[PDB]
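Just one chain is shown here, as structure tokens, and it is the form deposited in one PDB entry.
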């Protein structure tokens, strides 16, 4: 039986490193999104019976740890176009895989919503009485993509992602810094998981916990074709572009904050 298993391994082997890493990014984001949006569905469809907002933070924080362990060796498990932007901005990785990773991250995050929707098919439909509504007392689209609260405005909503992404970049850069090793090597999976955990508890009130263009726009495109319709994009004065443009500008904002004070002054 072992020979049969070994024979199948050599048949589907691909010698292309770029293609091998793109596949690991599709699975890395699929695990993160399915365990991320799946937890939000648990505390939204149950009206808080099966957990509060701390369940979302623990699940989102520890899903990054699992996604990194799954695909960390193959590609590094960036799981974030903003994170991939920072690595390419520091000459740590070529620019030719910036769109390759993004296409393999947006797709895979789109699949992560499909698994959640098929997992909560009856709960989602019966939440609002066989109808799908983007947001409100019976809103359902907020499970997959993040939406602003009532108090949020456009100007401050932009700066929530900029601050959230900048804090993530500074903490992530210190962990993945070769010259900064305050912990034994190999604990990158656990250390990053805490970073995403405290982000949800700290800055996860205005709109949610996106801090990633793929995790936000990925499942959002799924909800548009899943029954919610065009109302997904036009909610809150075209909110869809805020969690994409802002984190990209927040990635380079965490490089300037970190490198100018710790990264450059290291031996």
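Residue numbers count along the first chain shown, from 1. C-alpha atoms forming the largest set that superposes within 1.5 Å between two forms make up the rigid core.
The form deposited in another entry exists for this protein as well; it is not shown, and the discussion that follows is about that form.
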Core-superposed comparison between this form and the one not shown: the option from 74, 183, 123, 100 whose CA moves 2 angstroms or more: 183
Using a rigid core superposition, assess whether residue 223 undergoes a CA shift of 2 Å or more between this form and the one not shown. no
State yes or no: after fitting on the rigid core, is the Cα displacement of residue 42 between this form and the one not shown at least 2 Å? no
Taking the rigid core as the frame, does residue 152 move its C-alpha by 2 Å or more between this form and the one not shown? yes
Given that the CA-CA distance for residue 182 and residue 71 shifts by 3 Å or more in the other form, does it become closer or farther? closer
Comparison of CA distance in the other form with shown form for residue 181, residue 195, at least 3 Å: farther
